[PDB]
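Input: a single structure, listed below in structure tokens.
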Amino acid sequence: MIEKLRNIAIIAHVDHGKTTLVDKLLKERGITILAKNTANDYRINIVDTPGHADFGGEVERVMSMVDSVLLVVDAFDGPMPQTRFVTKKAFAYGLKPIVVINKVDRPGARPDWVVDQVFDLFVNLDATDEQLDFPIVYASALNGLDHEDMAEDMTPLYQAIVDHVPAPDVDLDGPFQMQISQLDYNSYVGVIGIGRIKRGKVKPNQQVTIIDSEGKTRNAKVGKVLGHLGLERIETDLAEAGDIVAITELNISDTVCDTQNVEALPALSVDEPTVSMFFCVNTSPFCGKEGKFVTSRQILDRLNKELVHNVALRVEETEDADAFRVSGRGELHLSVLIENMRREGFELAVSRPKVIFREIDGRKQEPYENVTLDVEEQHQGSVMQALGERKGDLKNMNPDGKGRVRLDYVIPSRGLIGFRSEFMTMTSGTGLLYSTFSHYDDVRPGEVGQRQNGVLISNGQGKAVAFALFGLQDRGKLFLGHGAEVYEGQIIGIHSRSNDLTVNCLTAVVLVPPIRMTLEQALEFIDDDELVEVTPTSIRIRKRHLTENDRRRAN
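For what it's worth, our numbering labels the leading residue of the sequence shown as 127, then goes sequentially.
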């Protein structure tokens, strides 16, 4: 069995062979088509390499599993460049191609010319080998010159895979050990851990442990691929692209292994998340009113549905039955997921975006971002200073002659959380800034992403009145204007000092117009003891615990 597995991935374009071609070894799929050839039997998994680029690095994860690749290229045309993004990543994991020139039959094809290209745009693609690049199987659909030529254009192909692809360097014995490479979901089945087995064996009930930390759960059902079809399975062992259920929320990169003498799997590799935040069921006094989906049931079902084709997203279950550790490549990764879940009719509450302090070697490495800001020459001071105050060391400034200046800080994500809102206030809109995650340098040390002020909090359900809002705006700025239905817990504006006030919003009358707190703004605002409650219409900000005497109880 073990020295006769061949694991490859395919690549193509629009005049796709693909399937067609993988159909033809026996629209549409996919993951992963387990062909099987013999004159010894060979299992041949043939995993699909997506033409789309979802995000993060979906293709990276695919090639965790495989040891070579099919590169189908149209003879008619030649290797066009959604093939290009993949094949780049395909050589980086040091994989040997098998080029396949499709549809040489069809009467306007340039089979040689193609191969001239399939080096050219291939030698500039880096490898560096190949060379071979052989591979080199001239296929047909409806199956002359070139190779062979040319019996039943079907058997030679089988030989090409088995002679140049090696079986995967894996260990049948030791413990059990599998990386979750891909991951998909169903509304009864659970979440399924699609993987290729790195060590050992899996019975369907067969207890195990899961990692980054200490998730231990029993197994249930463990279906392997077989044709366009995953069948249930009494046991599948090493090397097989075998796909598995019941464990958990199970995640990408996440790894399995015997609950004895193991732990764990490496390979980050470049998609790992930088920010945790809690998504939880809306427990407020509008706790199901302004929009439809609200059961925790509903939300996780939704969250896995993203988790599937969101490679950057990582969802975890809690000590709470109603909450979840949603993690992402960014915060703007999450604000999206949230905002979209608003527009779908979901109603949920979210804890502030606390970062991910991972740790390379000894010291807490934490995440950093290359920030760039474009401002008026007046603001420079008002801007430069505040970022310094956020542990944002300065790289460069290219002051562009006009009267503006460009500033290029690097900051810790931890430290940039909040800034966006205050940056607009300094520059009064003429404040062009955005950043991008850069790398994971060492911790800064000191507590930094922390706001000075405290909030004004209403003390019961009622419509607001200027008989309170006109006199409370002598304490700070308000998030609401006249006649908005609030509750005991709704933060309703920032205070001038750092203490919080449990006030009454209820009991020329000119209220200065309030603040347009956007979703992201309210995320980059709230404390560890506060929450953002999102309905499909409204954005509400509150306190984790709701009555003044419930806050006293805790703090």
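A virtual CB, placed ideally from N, CA and C, is assigned to each residue, including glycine.
Where does residue i fall in DSSP's three states?
i	result
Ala346	coil
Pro392	coil
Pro237	helix
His608	coil
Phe563	strand
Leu499	strand
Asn166	coil
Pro639	coil
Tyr219	coil
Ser402	strand
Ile537	strand
residue 684	With the chain running from 127 to 681 in the structure shown, residue 684 is simply not present.
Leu147	coil
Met206	coil
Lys214	helix
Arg623	coil
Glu443	strand
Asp310	strand
residue 691	Because the chain in this structure spans residues 127 to 681, residue 691 falls outside the shown range and cannot be described.
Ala475	strand
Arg489	coil
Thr644	coil
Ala161	strand
Can the beta-carbon of residue i be found closer than 7 Å to that of residue j?
i	j	result
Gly182	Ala438	yes
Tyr168	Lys130	yes
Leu657	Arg642	no
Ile618	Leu606	yes
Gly353	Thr362	no
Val569	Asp626	no
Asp534	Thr556	no
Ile323	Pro399	no
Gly321	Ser307	yes
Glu614	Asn585	yes
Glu457	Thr663	no
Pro292	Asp384	no
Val612	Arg468	no
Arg601	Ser624	no
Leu355	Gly349	no
Got a sec, what are the start and stop residues for the alpha helix (DSSP H) residue i sits in?
i	result
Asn250	Per DSSP, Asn250 belongs to no alpha helix (DSSP H) and is neither H nor E.
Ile425	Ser422 to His435
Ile464	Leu458 to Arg469
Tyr613	Here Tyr613 belongs to no alpha helix (DSSP H), and DSSP marks it neither H nor E.
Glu573	First-last for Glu573: undefined, no H or E at that position.
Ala680	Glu674 to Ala680
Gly597	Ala592 to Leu598
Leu582	Segment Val581 to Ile583 is the beta strand (DSSP E) holding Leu582; no alpha helix (DSSP H) there.
residue 86	Nothing can be reported for residue 86, as the shown portion of the chain is limited to 127 through 681.
Specify, as a first and last residue, the run of the beta strand (DSSP E) that residue i falls within.
i	result
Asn133	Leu131 to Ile137
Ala449	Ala449 to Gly454
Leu197	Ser194 to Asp200
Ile306	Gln303 to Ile306
residue 700	Since the first residue of the chain shown is 127 and the last is 681, residue 700 is not available in this structure.
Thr335	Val334 to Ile336
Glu659	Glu656 to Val660
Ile482	Taken as a continuous stretch (DSSP letters only), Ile482 belongs to no beta strand (DSSP E), as it is neither H nor E.
Could you tell me the distance, in whole angstroms, from the CA atom of residue i to the CA atom of residue j?
i	j	result
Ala218	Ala253	7 Å
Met280	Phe245	24 Å
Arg540	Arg232	59 Å
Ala449	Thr409	11 Å
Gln386	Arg546	48 Å
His505	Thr343	55 Å
residue 103	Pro223	For residue 103 there is no data in the structure shown, the boundaries of the chain being 127 and 681.
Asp255	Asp242	16 Å
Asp141	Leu147	11 Å
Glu442	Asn171	30 Å
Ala634	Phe404	44 Å
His178	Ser379	21 Å
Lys327	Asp149	30 Å
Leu391	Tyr311	23 Å
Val212	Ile137	8 Å
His459	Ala372	27 Å
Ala447	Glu375	13 Å
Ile370	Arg132	20 Å
What do you reckon, is the C-beta of residue i under 6 Å from a heavy atom of the ligand FMN?
i	result
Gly619	In the structure on display, the ligand FMN does not appear, and there are no ligands present to speak of.
Count the CB pairs spanning the segment 331 to 349 and the segment 269 to 279 that are closer than 8 Å, and state whether there are at least three. Note that the segment 331 to 349 does not touch the segment 269 to 279; fewer than 3 beta-carbon pairs, one per stretch, sit closer than 8 Å.
On the three-pair Cβ rule with 8 Å, is the segment 190 to 204 touching the segment 221 to 237? With the cut-off at 8 Å, the segment 190 to 204 and the segment 221 to 237 touch.
At a cut of 8 Å, does the segment 562 to 577 reach the segment 587 to 603 through at least three beta carbon pairs? The segment 562 to 577 vs the segment 587 to 603: no contact.
Using 8 Å as the cut-off, can you tell me whether the segment 591 to 602 makes contact with the segment 504 to 518, which would need three or more C-beta pairs spanning the two stretches below that distance? Not touching, per the Cβ criterion.
Evaluate contact between the segment 453 to 464 and the segment 483 to 490, counting only Cβ atoms and requiring at least three cross-stretch pairs below 8 Å. Contact fails between the segment 453 to 464 and the segment 483 to 490, because fewer than three Cβ pairs, one in each stretch, are under 8 Å apart.
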